[PDB]
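One structure is given here, and the rest of the page talks about it.
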Amino acid sequence: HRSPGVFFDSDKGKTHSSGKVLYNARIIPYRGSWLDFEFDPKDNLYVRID
DNA sequence: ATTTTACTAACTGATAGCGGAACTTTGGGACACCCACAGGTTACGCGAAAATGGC
């Protein structure tokens, strides 16, 4: 399985019309909710809980 | 004279009905005081079409 912790990933420039490689960080625990920090194609940082 | 058969009456079993008591079944009640919930979740991805938002 995927180890608990924090993982930094990217969409590899395959979501938005241009390249604009979008970066995200996911905190995944053993038990509990998930935390997501993502960049939008406007260079703003957004948070998602679960 | 004897043997086979048709007729009849009695026995017996099935069955519908009833009695009645036990058994299952339904509805009501309980007066210290108690006063807003979960409840797991998700590492999908893609294309369309439908609903929102921007000025």
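Every residue, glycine among them, receives a Cβ derived from its backbone with ideal geometry; neighbour counts consider all protein chains shown. Read-outs: derived from the displayed coordinates by stated rules, not from any lab.
Exactly one condition in (1) among the basic types (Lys, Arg); (2) over 14 Å from the mean Cα position of the chain (by Cα); (3) near DNA strand B (Cβ under 10 Å from one of its atoms); (4) surrounded by 13 or more Cβ atoms within 10 Å (Cβ to Cβ) is false for residue A:2; which is it?
Result: residue A:2 passes all but (4).
Which number in (1) near DNA strand B (Cβ under 10 Å from one of its atoms); (2) assigned to a loop (DSSP other than H, G, I, E, B); (3) surrounded by 10 or more Cβ atoms within 10 Å (Cβ to Cβ) marks the one condition that residue A:9 misses?
(2)
Let me confirm something: among A:29, A:41, which residue is touching a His at 6+ places or on another chain (Cβ under 9 Å) and in contact (Cβ under 8 Å) with a residue 24 or more places away in the chain?
Details: A:29 fails: touching a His at 6+ places or on another chain (Cβ under 9 Å).
Of A:29, A:41, the one residue that is touching a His at 6+ places or on another chain (Cβ under 9 Å) and in contact (Cβ under 8 Å) with a residue 24 or more places away in the chain is A:41.
Regarding residue A:30, is this residue hydroxyl-bearing (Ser, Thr, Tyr) and over 14 Å from the mean Cα position of the chain (by Cα)? So that I can check it myself, show each step before the final result.
Working: hydroxyl-bearing (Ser, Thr, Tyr): yes; over 14 Å from the mean Cα position of the chain (by Cα): yes.
Against the criterion (hydroxyl-bearing (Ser, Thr, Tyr) and over 14 Å from the mean Cα position of the chain (by Cα)), residue A:30 qualifies.
Looking at the range A:20-40, which of its residues are part of a loop (DSSP other than H, G, I, E, B) and surrounded by 12 or more Cβ atoms within 10 Å (Cβ to Cβ)? Talk me through it step by step, then tell me what you get.
Pass one, the range A:20-40, residues part of a loop (DSSP other than H, G, I, E, B): A:20-22, A:29-34, A:40.
Hits for the range A:20-40 are A:20, A:21, A:22.
Taking the range A:13-48 as the region of interest, how many residues are within 10 Å of DNA strand B (Cβ to nearest atom) and at positive phi?
Going through the range A:13-48 one residue at a time, the tally reaches 1.
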